[PDB]
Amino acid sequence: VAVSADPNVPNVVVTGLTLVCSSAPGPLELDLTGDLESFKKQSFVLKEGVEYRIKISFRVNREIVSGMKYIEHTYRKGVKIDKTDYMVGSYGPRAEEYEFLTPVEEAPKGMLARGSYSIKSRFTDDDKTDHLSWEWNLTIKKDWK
């Protein structure tokens, strides 16, 4: 009953990001329990105009977390061109992982919209806790290729 060692398992473990896209020829998942820096040297390719949702896979292990929020600030050629907040909600503990889907979004289209992007994601809550922060890239092209 008096524990000699701490379990060290965070109450909230953000496990993954996935772009749910029917048109995509291959996988589009970020294993967030792994190495996060390597994501900056890779990218997700999305054909212009295609619809997709962003699935944030997380585990709420022990306590109820209120007002969960998933924030994305997107960058193009070094400068921030977008800021989007998504309301995830209040989640109680569970053995089974949670999968939060954002509303249907579209990949941008046009000459001025194609190119390389860089998203700085933050999964947070009411007490503004940093459950996880990571950077991933999205390259918008004419075709999947």
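Residue numbers run from 1 along the displayed sequence.
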Which has the higher mean CA temperature factor in the PDB entry, 121 to 129 or 16 to 24? 121 to 129
Comparing 56 to 64 with 25 to 33, which stretch shows the greater average C-alpha B-factor in the deposited entry? 56 to 64
Going by the CA temperature factor in the entry, name the top one among 48, 51, 85, 99. 85
Chain-relative C-alpha B factor for residue 104 (record values, thirds): the lowest
Can you work out whether the C-alpha temperature factor of residue 91 puts it in the lowest, middle or highest third of the chain? highest
Going by what the PDB entry lists, where does residue 116 fall on CA B-factor within its chain: lowest, middle or highest third? lowest
